[PDB]
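# Per-entry structural report
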Amino acid sequence: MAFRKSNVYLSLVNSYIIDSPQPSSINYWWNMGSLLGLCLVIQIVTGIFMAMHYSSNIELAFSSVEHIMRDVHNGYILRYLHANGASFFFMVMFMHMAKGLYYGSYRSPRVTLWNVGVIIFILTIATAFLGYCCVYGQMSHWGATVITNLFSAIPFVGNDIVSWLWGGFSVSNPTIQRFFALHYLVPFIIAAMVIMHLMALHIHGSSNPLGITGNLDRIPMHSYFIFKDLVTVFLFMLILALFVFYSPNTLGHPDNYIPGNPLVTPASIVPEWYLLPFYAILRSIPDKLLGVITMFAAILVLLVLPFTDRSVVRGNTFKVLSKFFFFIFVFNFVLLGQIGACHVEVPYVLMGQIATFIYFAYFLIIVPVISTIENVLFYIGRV
Amino acid sequence: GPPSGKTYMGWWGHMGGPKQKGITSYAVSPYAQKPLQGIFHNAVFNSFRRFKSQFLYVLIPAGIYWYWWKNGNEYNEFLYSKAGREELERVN
Amino acid sequence: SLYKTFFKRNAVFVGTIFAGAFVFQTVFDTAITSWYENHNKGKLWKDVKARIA
Amino acid sequence: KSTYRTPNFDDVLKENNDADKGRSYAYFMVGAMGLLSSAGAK
Amino acid sequence: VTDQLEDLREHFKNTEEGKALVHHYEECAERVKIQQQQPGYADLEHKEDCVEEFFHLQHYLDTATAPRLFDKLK
Amino acid sequence: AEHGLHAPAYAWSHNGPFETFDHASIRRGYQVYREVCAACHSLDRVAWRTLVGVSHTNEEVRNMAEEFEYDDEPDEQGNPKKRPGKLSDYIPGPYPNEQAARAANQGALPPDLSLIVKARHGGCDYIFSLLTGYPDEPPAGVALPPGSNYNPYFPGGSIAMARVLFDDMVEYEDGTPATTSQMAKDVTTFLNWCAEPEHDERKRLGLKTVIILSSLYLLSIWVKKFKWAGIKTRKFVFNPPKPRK
Ligand code: HEC
Ligand code: HEM
Ligand code: HEM
Ligand SMILES: COc1c(O)c(C)c(C/C=C(\C)CC/C=C(\C)CC/C=C(\C)CC/C=C(\C)CC/C=C(\C)CCC=C(C)C)c(O)c1OC
Ligand SMILES: CCCCCCCCCCCCCCC(=O)O[C@H](COC(=O)CCCCCCCCCCCC)COP(=O)(O)O
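Residues numbered from 1 in each chain as written, not as in the entry; some residues may be left out. Chains lettered and ligands numbered in written order. Part of a larger assembly, values for the part shown. Heavy atoms only, no water. Residues with missing side-chain atoms left out of burial classes, pairs and counts.

Judging from the entry metadata, cryo-EM is the method by which this structure was determined, and 2.57 Å is the reported resolution.

Below is the structure:
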């Protein structure tokens, strides 16, 4: 046989990126996965070369990022390509997490591939949150205090965990110096979970937008989806180049350029645009303990979704009402992140309760009942 | 090697679909045909077709949450306006 | 033919890829640099320092 | 219809199929992508 | 040579749209002037201002005098 | 009233994808920093060497950094001694410790402006409209606390920074009129340079990257279609096999 199939090391490359049989009719929404692999390499490579110039002490943490931007040869390219690639990483990931929910990718036999994705989803939120406090900006100090003081709601144990996590009584030198060493570790755990993520993708393969069997028409991965992935790679690196060279500070917040101060709070403590919606779910509940349970459930509610969907068809393509309420839920999340940008004032609190209720009810009431009539409209409409 | 489980895909030769017979395929080498052959009449007529089909699935779902946010924004503007503090104190 | 000289051997096909990419590095760099300075004439440092005369 | 009869591909096909002209145009486009790519990688 | 924005600010102050907004500022300012002279005003814990009216006038002149300013300035 | 008045968009000369800084305005803005806002504000993140070849000539910058003094390594018996500054040193602020800043300015802490442009929402428009946005009297209805001045653009209204910009308080080296609007346009230009000294090179490396990538992106579509041409026009036919077997 051929050497690419006979060698021990080249046979793994052969069966994953060269001879892998792909469905012949997957559209551009299936290119999102390779873009996350491209962005994972960008964060790591631009991070190792930028970790050669960063000090994790509370004294030198902020000052060293300026030295990177002013003294390192092409040091501003390093930090804008790493700060904007973090924001571009989440936009592709939401379009990967939304394409899965539309075409019913979570349904069996791909539930493990769905659960490994949620684990990957959490570790990336922590990785981005941990790397955010590394800059030790004014927004990162108080984003660290609020998020870490959230576990003080677990009864009888919270006060010790918070003191154990801070390494002391507040956010000080022991906190930042251990946040950076963790931030260098977790990407190597995500890279290991992606390997386990592609291992569960290889047993059954990708899905197709029609939601039917794809074993009838397959084409090889090389020269078809290697060159089609090259189309989106150049478009992703072009929009990223516009945000890095022409408007670097559009997505971020200007208050992060102030050194962190423990005495004076900012005018408005707001998270980044990708954690903004869950901030509204936390703040909708008028209690402290109940907020944490409600906030974390919104991630965990995705786990029951393979059970609530009672449809015998995968996807929303041939369903009028199941495709109809999807975009409200899409928009409700788009609306959910809008209140979190506005202060806690009349009548944004009332909007904050109804909107987060319809968010949770989609999984637990609408998807199961509309999916039920849809089975009946399908039945008597043909009979 | 050790035995493995049962999956819903095979490989080149035993992919695992149903047996097929009576279906024929024709193709032509791309060195012999002109790409970009119909990019016009596809950027105009084909795109308009697809848009007219899937555009009430996105507009009305976006037409509800735009009027809902606006009547709250222009209501929050009156509640914190000089003419709407008396309604503010009854909702505060 | 033009094919027989350039595209037949993959040894010389990639050679003229590297040879053409060698020239493009310096020609494109100077072409972009000159227009950029020309579009911003009267603002750059060499124009202010030249004004001191 | 007989299998031997083949479907109409006329609107896709080029009028004059000359291998030296045809492979030269394709190679120049691939060559251009490689030439700019080598510059970007450097 | 006086400043190039104060005099340009005066040109739009006495325009038809500007005169209706500066006057709307004066009608609030005059009633606050007679509201600030009444007895018991110091401990009424609800004082009416004209910031809404002042912000309306000051926002109008900026939108009118934004693009015309920098050409005067070297 | 408490968000602060929104400031409009002005006609800055460096906005747009191809504009560089007006390096004559960086040279003039540095002059009105040294004599107006040098007393109460700091610039701790600017070395002396970055000014060579951007605003001043090398002999000009080697003399500006020599008017100040820096602490030198101890002498033969450990006693401390001072040295004149060189091109590798930074710009010294006006106050030694954070306590001495709050004493001179009524308790208010004046910030370091080496990053002010990217640290106050309102970008270049907020610094310019700050120093020229002071009314002669506060609006009717408001009585300011003692020692504080009114400025509508400031979020919350009341501010502790006074008026420092008048007419003809500075004389330029190229005869430009010294109006309140003229200088406020210049410092924001000089301060934007301090926050982004990579401004011009970033925008010209971007033009090179966009043109290269935009034609790579187009060339890839032709190559994608050339290689996908055999599957796009592939035609299937179906003839039902006989049920004899
Ligand atoms: C008279 C002393 C003085 C001078 C001169 C001075 N400032 Fe200030 N500035 C202050 C003080 C005091 C504060 C703090 C006020 C506070 O935040 O309320 C301040 C605050 C600021 C702020 C922070 C505003 C914000 O929204 O937090 C900026 C920006 C600023 N000054 C810019 C400048 C610029 C630009 C100049 C001249 C180019 C200048 N200052 C000259 C005293 C001065
Ligand atoms: C998926 C992987 C990663 C993500 C999502 C990520 C994300 C981030 C983010 C959002 C920041 C703050 C950016 C800013 O606002 O300035 C940051 C900072 C940083 N990251 Fe990462 N990072 C990743 C991997 C790495 C790795 C592997 C390293 C080092 C080996 C690294 C080193 C750093 C350093 C040193 C900083 C501080 C420097 C600076 O931003 O100024 N990162 N990271
Ligand atoms: C760095 C992070 C990730 C990478 C590199 C990655 C990569 C991939 C790749 C290459 C595929 C196959 C190609 C495709 O379907 O488009 C895939 C499929 C999938 N991924 Fe991910 N993924 C990541 C994160 C996630 C996350 C966070 C989730 C869910 C929250 C997730 C859920 C899925 C699902 C459901 C599929 C199957 C899609 C289908 O077959 O139709 N992945 N992933
Ligand atoms: C199902 O269909 C598929 C599919 O199966 C696959 C595999 C892919 C391809 C995707 C991937 C395989 C993504 C994989 C991503 C990773 C595993 C991340 C890679 C992480 C690393 C490389 C680890 C970090 C290590 C380094 C890069 C070290 C680098 C060294 C440095 C910087 C040292 C330099 C110093 C000196 C001294 C020079 C697809 O795109 C795809 O759909 C098209
Ligand atoms: C994980 C990060 C990337 C995700 C995967 C996306 C796939 C893109 C990889 C690019 C390889 C494409 C060339 C294949 C090849 O060798 O074809 C070779 C030769 O083809 C060529 O002429 C090469 C063209 C040069 C373009 C390469 C630019 C790389 C851009 C950077 C992408 C990654 C950062 C085989 O050609 P064949 O079709 O005859 O078999």
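Structure's up, so let's keep going.
Now for the coordination of the iron atom of ligand 3. All names here are of chain A. Coordination of the iron atom of ligand 3 by the protein comes from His96 (NE2) and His197 (NE2), over a distance range of 2.5 to 2.6 Å. In this structure, the iron atom of ligand 3 is coordinated by 6 donor atoms arranged in octahedral fashion, with angles at the metal of 74 to 177°. A residue pair is termed long-range when its members are at least 10 positions apart, and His96 in helix α5 (residues 75-102) and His197 in helix α9 (residues 173-201) qualify at 101 residues. Given the relative accessible area of 17%, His197 is considered buried. (Donors = N, O, S within 2.8 Å, 3.2 Å for Na, K, Ca; no water. Tetrahedral: all angles 85-135°; square planar, octahedral: opposite > 155°, others 65-115°. Helix = DSSP H or I, 4+ residues; strand = E, 2+ residues; numbered from the N terminus. Buried < 20%, exposed > 50% of the residue type's maximum accessible area, 1.4 Å probe, protein only.)

As a further point, take the state of the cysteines. Under the counting rule described, the total for this entry stands at 1 disulfide over all chains. Counting only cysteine sulfurs, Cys134 of chain A is the nearest neighbor of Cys39 of chain A, a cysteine outside any disulfide, at a range of 17 Å. (Disulfide = S-S within 2.5 Å.)

With that settled, consider the UniProt feature "binding site: a ubiquinone" in chain A. Feature annotation in UniProt assigns "binding site: a ubiquinone" to the following positions: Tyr16 and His202 of chain A. Of the residues just listed, which span 187 residues, no C-alpha pair is farther apart than 7.9 Å, and they cluster in one region. Relative to the elements of secondary structure, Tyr16 of chain A occurs in helix α2 (residues 10-18). Note on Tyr16 of chain A: relative accessible area 27%, which makes it partly exposed. In this structure, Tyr16 of chain A is in contact with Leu198, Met199, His202 and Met221 of chain A, ignoring residues within four places of it in sequence. Along the chain, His202 of chain A turns up in the loop between α9 and β2 (218-220). Beyond its immediate stretch of four places on either side in the chain, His202 of chain A contacts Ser15, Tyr16 and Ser20 of chain A together with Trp11 of chain B. At 3.3 Å, the side chain of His202 of chain A forms a polar contact with the backbone oxygen of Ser15 of chain A. (UniProt positions renumbered as here; feature names shortened; annotations may be inferred. Contact = heavy atoms within 4.5 Å. Polar contact = N/O pair within 3.5 Å; in protein donor to acceptor, adjacent residues only side chain to side chain.)

Before going further, it helps to examine the site of ligand 3. Residue and element names in this part refer to chain A. As a structural note, the neighbourhood of ligand 3 is formed by 21 residues, with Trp30, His96, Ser105, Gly117 and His197 the closest of them. For ligand 3, an oxygen atom lies 3.5 Å from a polar atom in the side chain of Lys99. A distance of 3.0 Å separates an oxygen atom of ligand 3 from a polar side-chain atom of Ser105. Elements supplying a minimum of two residues to the shell around ligand 3: α3 (32-48), α5, α6 (111-134) and α9. Counting residues per element, the shell around ligand 3 draws most heavily on α6, which supplies 6 residues. A class-by-class count of the residues in the shell around ligand 3 yields 12 nonpolar, 8 polar and 1 charged. (Near = heavy atom within 4 Å. Nonpolar A, V, L, I, M, F, W, Y, C, P; charged D, E, K, R; others polar.)

The next subject is the arrangement of the chains. With 10 pairs of chains in contact, the largest contact count belongs to chains A and F. Spatially, chain A and chain C are disjoint, and the shortest separation between their C-alpha atoms is 15 Å. Where chain C comes nearest to chain E, the C-alpha atoms are still 13 Å apart, and the two do not contact one another.

Every contact between the two is made by 12 residues of chain D and, on the other side, 10 residues of chain C. Both faces combined, the contact of chain D with chain C buries some 930 Å², and carbon together with sulfur accounts for 75% of it. When the buried surface of chain D facing chain C is broken down by residue, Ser24, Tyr27 and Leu35 of chain D rank first, second and third, together holding 42% of it. Joining chain D to chain C, the criterion identifies 0 salt bridges. (Buried area = accessible area lost by both parts, 1.4 Å probe. Salt bridge = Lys/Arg side-chain N within 4 Å of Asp/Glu carboxyl O.)

Attention now moves to the domain arrangement of chain F. All names here are of chain F. Domain assignment breaks chain F into domain 1 (1-197) and domain 2 (198-245). The C-alpha-based centres of domain 1 and domain 2 are spaced at 51 Å. With 10 residues of domain 1 in contact, the opposing surface of domain 2 contributes 6 residues. Where domain 1 touches domain 2, the interface holds 1 salt bridge. One salt bridge in this structure joins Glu196 and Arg202, with 3.7 Å as the shortest N-O distance. Across the domain 1-domain 2 interface, the total number found is 6 residue pairs in polar contact. Its residues assigned to classes, the side of domain 1 that touches domain 2 shows 4 nonpolar, 4 polar and 2 charged. (Domains from an automatic or database assignment.)

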